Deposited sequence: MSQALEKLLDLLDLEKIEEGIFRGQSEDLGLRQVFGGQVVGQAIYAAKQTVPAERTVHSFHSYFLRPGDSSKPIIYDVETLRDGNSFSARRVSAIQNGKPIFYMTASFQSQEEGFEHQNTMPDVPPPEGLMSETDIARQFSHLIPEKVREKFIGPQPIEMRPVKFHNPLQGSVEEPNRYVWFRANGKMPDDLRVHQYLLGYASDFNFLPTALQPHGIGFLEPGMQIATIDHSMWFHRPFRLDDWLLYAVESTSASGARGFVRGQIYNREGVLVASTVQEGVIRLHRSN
């Protein structure tokens, strides 16, 4: 199941900077993961991803391949930048610009990971379904039922870990973390309003998704996703995320804005 997700994030090469991906409406995290893979193939091997910004323009159709075209923007003394277009039926469904940097020691500092319960104690989402294994095991701190909200603070904490063995290749961990970053995210914005994201009449859609990979990490041990929604207004919802490993290291940050509209 992980095996199958990883196989799917490993794209078929059509030509330099033209890739073709299969699908698991497509999960945004699939398009993100796949686009990272596509961009990374066009960069020097040593320069790993440190940031990306993306916009989702159209929904992706899960029954059809997605073509990833990669435009080489710049290769400098430190940075390589690439723009990925995800294409289906001759139309872009998503664009990402990503940047890549050689690892190098420099100034170090970070904030503090929130105080939360460890994972061992907590029930998985698959287990809370008991009242097929998922590629990524999620263990929430607090369960937020998608079919009935309740007015809650705009904060959500979730431990997550790859459901299986991961290879010793940090690039693969980065693609999967890109995938993983689009779970348990945007719905956090509905929490003060008491509506679950899958309730009748709720229109919820990602507009943009951006991520910064600060430090190395592995997804075969537990990471914590700390999400806050600092704002909602104008039928949009805004969420900021930070991903910590179990020892407290700040590994990645994320930002996302989406449509949140009750009909």
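Residues of the deposited sequence lacking C-alpha coordinates, counted from 1, fall in the stretches 1-3, 28-32, 140-153, 286-288.
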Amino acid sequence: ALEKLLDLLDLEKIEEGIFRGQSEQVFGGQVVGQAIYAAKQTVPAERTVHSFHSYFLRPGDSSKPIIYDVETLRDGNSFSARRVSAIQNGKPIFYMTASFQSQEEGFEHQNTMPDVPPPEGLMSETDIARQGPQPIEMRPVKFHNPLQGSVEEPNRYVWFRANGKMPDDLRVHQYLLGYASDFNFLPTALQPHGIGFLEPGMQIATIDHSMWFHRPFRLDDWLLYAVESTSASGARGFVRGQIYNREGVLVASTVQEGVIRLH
From here on, numbers count along this sequence of modelled residues.
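Of the two segments examined, 35-43 and 61-69, it is 61-69 that shows the higher average Cα temperature factor in the deposited entry. Of the two segments examined, 157-165 and 78-86, it is 157-165 that shows the higher average Cα temperature factor in the deposited entry. Looking only at 187, 140, 118, 92, the residue with the top Cα B factor in the deposited structure is 118. Across the options 174, 126, 99, 181, the residue with the most elevated CA B-factor in the record is 126.
Among the modelled residues of its chain, residue 195 has a C-alpha B-factor that falls in the highest third, as given in the PDB entry. Among the modelled residues of its chain, residue 24 has a C-alpha B-factor that falls in the highest third, as given in the PDB entry. When the CA B factors of the chain's modelled residues are split into thirds, the value for residue 217 lands in the middle one. When the modelled residues of the chain are ordered by their C-alpha B factor, residue 247 lands in the highest third. Residue 202: CA B factor lies in the highest third for its chain, per the PDB record.
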